[PDB]
Amino acid sequence: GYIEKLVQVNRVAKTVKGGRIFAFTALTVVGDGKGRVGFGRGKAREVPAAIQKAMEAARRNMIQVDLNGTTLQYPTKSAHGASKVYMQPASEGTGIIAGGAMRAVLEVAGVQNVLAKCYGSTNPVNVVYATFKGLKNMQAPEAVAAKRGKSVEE
RNA sequence: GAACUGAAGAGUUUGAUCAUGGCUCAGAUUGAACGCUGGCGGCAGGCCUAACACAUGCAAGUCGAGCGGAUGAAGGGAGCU
Ligand SMILES: [Mg+2]
Ligand SMILES: [Mg+2]
Ligand SMILES: [Mg+2]
Ligand SMILES: [Mg+2]
Ligand SMILES: [Mg+2]
Ligand SMILES: [Mg+2]
Ligand SMILES: [Mg+2]
Ligand SMILES: [Mg+2]
Ligand SMILES: [Mg+2]
Ligand SMILES: [Mg+2]
Ligand SMILES: [Mg+2]
Ligand SMILES: [Mg+2]
Ligand SMILES: [Mg+2]
Ligand SMILES: [Mg+2]
């Protein structure tokens with residue numbers, strides 16, 4: 001898909017005999033607004049080159065999510081590193097109640113009512129890791145219902 | 001047929017990084033006070049401190065169909081005029 005969003009641009013440095021060498025890191029998310037989504041990281045010596053590399057990396061390794069009509073299936077709670085993430089479905093009139101990496105990830109993924117919240121560190125890359133770990137494990141019915149028939153598991 | 005349906009983060013320790021951890025900010029509220037400024041109306045509110053000391057007015061009276069008593073009009077008039 002093609003929906004580009006830029007999350008964070010940071011400037012890092014390494015020390016050499018002579019002084020400091022600077023570089024730029026960029027984090028981006030891509031998706032089609034209907035279930036495909038992925039993130040990418042890039043590094044370069046200029047901001048546009050890093051952004052381009054991040055877009056190219058993010059356009060690969062895109063995954064498919066299972067969403068129940070512009071909203072999640074069930075309340076979920078994921079984590080990565082020291083970051084914890086909580087999301088839960090909301091009514092249609094609700095917006096996206098989230099901040100930073102949450103908002104970009106969920107808006108690009110195609111959901112509109114997510115009402116999320118994060119605990120622990122708010123490092124954007126770890127937050128994105130945690131959010132995709134949570135979203136990639138959305139089961140949806142007819143798959144958790146592989147044990148037996150349908151309309152009895154619910 | 002309703003009586004509820006709802007949760008955002010950021011800055012700052014390093015040459016740079018992740019974590020831990022404190023400090024600070026973005027919101028809503030006052031019986032508020034102070035500074036600058038000030039057209040109108042509706043509805044409310046107005047000694048949070050000294051249960052400190054109080055000048056002067058008013059804030060608890062009524063019943064003569066319970067009872068003596070004294071003030072006893074209007075008049076009937078009479079008398080002298
Ligand atoms: Mg050497
Ligand atoms: Mg480098
Ligand atoms: Mg954790
Ligand atoms: Mg842990
Ligand atoms: Mg913390
Ligand atoms: Mg902090
Ligand atoms: Mg510095
Ligand atoms: Mg003042
Ligand atoms: Mg004044
Ligand atoms: Mg003034
Ligand atoms: Mg008082
Ligand atoms: Mg006083
Ligand atoms: Mg009186
Ligand atoms: Mg009586």
Side-chain angles (χ1 to χ4, degrees), chain A residues 1 3-58 60-63 65-141 144 154:
Chain A
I3 292 282
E4 324 296 334
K5 182 62 65 68
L6 171 58
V7 181
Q8 197 206 19
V9 180
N10 198 34
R11 179 185 92 131
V12 289
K14 65 166 296 184
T15 297
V16 288
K17 191 202 285 296
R20 310 192 200 297
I21 313 296
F22 297 116
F24 287 86
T25 307
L27 174 61
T28 47
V29 289
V30 193
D32 50 3
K34 69 178 41 70
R36 296 203 85 210
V37 70
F39 65 93
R41 274 183 34 97
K43 199 196 277 182
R45 283 230 181 101
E46 315 182 4
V47 194
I51 285 175
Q52 183 62 255
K53 281 182 182 186
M55 295 296 172
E56 296 300 322
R60 285 178 261 123
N61 63 59
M62 293 177 71
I63 79 165
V65 311
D66 308 332
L67 61 83
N68 173 346
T70 62
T71 309
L72 316 180
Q73 304 270 350
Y74 39 79
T76 176
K77 191 188 301 184
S78 80
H80 183 273
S83 305
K84 306 172 180 183
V85 166
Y86 168 77
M87 309 169 266
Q88 58 155 65
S91 70
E92 293 82 3
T94 313
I96 297 169
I97 301 299
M102 295 296 173
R103 167 165 308 287
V105 159
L106 293 151
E107 194 265 357
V108 159
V111 310
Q112 280 98 19
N113 317 316
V114 56
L115 183 63
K117 165 89 200 161
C118 82
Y119 310 98
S121 66
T122 61
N123 197 60
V125 67
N126 283 106
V127 166
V128 162
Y129 267 88
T131 309
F132 287 174
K133 185 196 292 209
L135 270 155
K136 182 197 162 42
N137 293 263
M138 295 299 291
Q139 272 304 288
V144 66
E154 195 266 352

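Hydrogens, waters and symmetry mates are skipped; everything else that's a heavy atom, side chains included, is used. Naming convention: chains lettered A, B, ... in sequence-line order (proteins, then strands); numbering from 1 in each chain.
Of the residues in residues 42-53 of chain A, not one places a heavy atom less than 4.0 Å from an atom of RNA chain B. Interface residues of residues 117-141 of chain A facing RNA chain B, ordered by number: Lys117(A), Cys118(A), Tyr119(A), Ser121(A), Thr122(A), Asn123(A), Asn126(A); criterion, heavy-atom separation under 4.0 Å. Of the residues in residues 21-36 of chain A, none has a non-hydrogen atom less than 4.0 angstrom from any atom of RNA chain B.
Heavy atoms only, all atoms of each residue included: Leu27(A) and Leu6(A) are closest at O-CD1, 3.3 Å. For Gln139(A) against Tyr74(A), the heavy-atom pair with the smallest separation is N-OH, 2.7 Å. Summarising the geometry of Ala54(A) relative to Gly42(A), their closest heavy-atom pair is CB-N, 3.8 Å, with the distance given to 0.1 Å. Smallest separation of non-hydrogen atoms from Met87(A) and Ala116(A): CG-CB, 3.8 Å. Annotation for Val7(A) and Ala104(A): closest pair CG2-CB, 4.2 Å, computed over non-hydrogen atoms. Pairing each heavy atom of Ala50(A) with each of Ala44(A), the nearest pair is N-CB, 3.4 Å.
Classification of the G77(B)/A78(B) step: stacked, the six-membered rings being closer than 5.5 Å at their centres and less than 30° apart in plane orientation. Here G9(B) and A10(B) show stacked bases; the six-membered rings are centred less than 5.5 angstrom apart and their planes meet at under 30°. With a ring-centre distance below 5.5 Å and an interplanar angle below 30°, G45(B) is stacked on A44(B). Between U30(B) and its strand neighbour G31(B) the base rings do not stack, failing centres under 5.5 Å or planes under 30°. For the consecutive nucleotides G21(B) and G22(B), the six-membered rings of the bases sit within the stacking limits of 5.5 Å between centres and 30° between planes.
The same atom, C1', is picked in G69(B) and in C54(B); the two are 45 Å apart, to the nearest Å. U24(B) sits 26 Å from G15(B) when the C1' atoms are compared, rounded to a whole Å. Look at the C1' atom in both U62(B) and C43(B): the space between them is 40 Å, to the nearest Å. Rounded to the nearest Å, the gap between the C1' atom of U30(B) and that of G45(B) is 12 Å. With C1' as the reference atom, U13(B) and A32(B) are 40 Å apart, rounded to whole Å. Of the P atoms belonging to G11(B) and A19(B), the separation is 13 Å, rounded to the nearest Å. Taking atom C1' on both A26(B) and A10(B), the two are 8 Å apart, rounded to the nearest angstrom. When the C1' atom is compared between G68(B) and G64(B), the two are found 12 Å apart, to the nearest whole Å.
The side-chain hydrogen bond (donor to acceptor under 3.5 Å, both in side chains) contacts involving residues 20-41 of chain A comprise nothing, where partners must be two or more places apart or lie in separate chains. The stretch residues 124-137 of chain A participates, sequence neighbours left out, in these side-chain hydrogen bond (donor to acceptor under 3.5 Å, both in side chains) pairs: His80(A)-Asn126(A), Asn123(A)-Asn126(A). Contacts classified as salt bridge (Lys or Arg N to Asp or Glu O under 4.0 Å) and involving residues 42-57 of chain A (residues at least two apart or in different chains) are given here: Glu56(A)-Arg59(A). Judged as a salt bridge (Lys or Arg N to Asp or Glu O under 4.0 Å), the pairs with a partner in residues 96-122 of chain A (not counting sequence neighbours) are, in order, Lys5(A)-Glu107(A).
A positive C1'-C2'-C3'-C4' torsion places the sugar of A53(B) in the north, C3'-endo-side range. In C4(B), the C1'-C2'-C3'-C4' torsion is negative, which places the sugar in the south family. Sugar pucker annotation for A65(B): south, assigned from a negative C1'-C2'-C3'-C4' dihedral. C48(B): sugar pucker south (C1'-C2'-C3'-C4' torsion negative). The pentose of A8(B) belongs to the south class of puckers. Its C1'-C2'-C3'-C4' angle has a negative sign.
Annotation: of the two residues near RNA chain B, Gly99(A) and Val12(A), the 5′-most nearest-nucleotide partner is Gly99(A). With the nearest nucleotide of RNA chain B identified for both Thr15(A) and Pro89(A), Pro89(A) has the one nearer the 5' end.
Protein atom CD of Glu107(A) is 18 Å distant from nucleotide atom P of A8(B), rounded to whole Å. Here the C1' atom of nucleotide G6(B) and the CG atom of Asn113(A) are 12 Å apart, to the nearest Å. Taking atom CZ of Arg103(A) as the reference point, atom P of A10(B) lies 12 Å away to the nearest angstrom. Atom pair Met102(A):CE and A10(B):P shows a separation of 10 Å (rounding to whole Å applied). The interatomic distance linking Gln88(A) (CD) with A8(B) (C1') rounds to 14 Å, in whole Å. Across the protein-nucleic acid pair, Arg20(A) atom CZ and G15(B) atom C1' stand 4 Å apart, rounded to whole Å. Rounded to whole Å, atom P of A8(B) lies 15 Å from atom CE of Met87(A).
In this view, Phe132(A) and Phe39(A) satisfy the ring pair (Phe, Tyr, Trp, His ring centres under 6.0 Å) rule, not counting sequence neighbours. Listed by chain and number, the residues in a side chain to side chain contact (heavy atoms under 4.5 Å, CB included) with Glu4(A) are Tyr2(A), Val30(A), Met55(A) (sequence neighbours excluded). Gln88(A) meets the side chain to side chain contact (heavy atoms under 4.5 Å, CB included) test with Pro75(A), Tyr86(A), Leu115(A); sequence neighbours excluded.
Between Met102(A) and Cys118(A), the closest side-chain pair of non-hydrogen atoms falls below 4.5 Å.
Contacts of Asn10(A) with the nucleic acid, taken as non-hydrogen atoms under 4.0 Å apart, involve only primed sugar atoms and P, OP1 or OP2. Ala90(A) comes within 4.0 angstrom of a base, heavy atoms only. Among the heavy atoms of the strands lying under 4.0 Å from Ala98(A) is at least one base atom, whether or not backbone atoms are also near.
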* Please test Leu67(A) against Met138(A) for side-chain contact (heavy atoms from CB on, under 4.5 Å), starting from the C-alpha separation and ending with a verdict. => CA-CA 8 Å; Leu67(A) 61 83; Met138(A) 295 299 291; over 6 Å; no
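Where pairing requires Watson-Crick or G-U contacts shorter than 3.5 Å, the helical stems of RNA chain B with at least three consecutive pairs are B:9-12 with B:22-25.
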Please produce a list of atom pairs where a protein N or O lies less than 3.5 Å from an N or O of nucleotides 1-3 of chain B.
none

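One distance of note links CG of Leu72(A) with CG of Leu135(A); it measures 6.5 Å at 0.5 Å rounding.
In this structure, of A7(B), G6(B), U20(B), it is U20(B) that holds the atom nearest to the side chain of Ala82(A).
A donor-acceptor pair under 3.5 Å links the side-chain atoms of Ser78(A) to the main chain of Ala130(A), judged by distance alone.
Annotated as anti: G77(B), whose glycosidic dihedral deviates from 0 by more than 90°.
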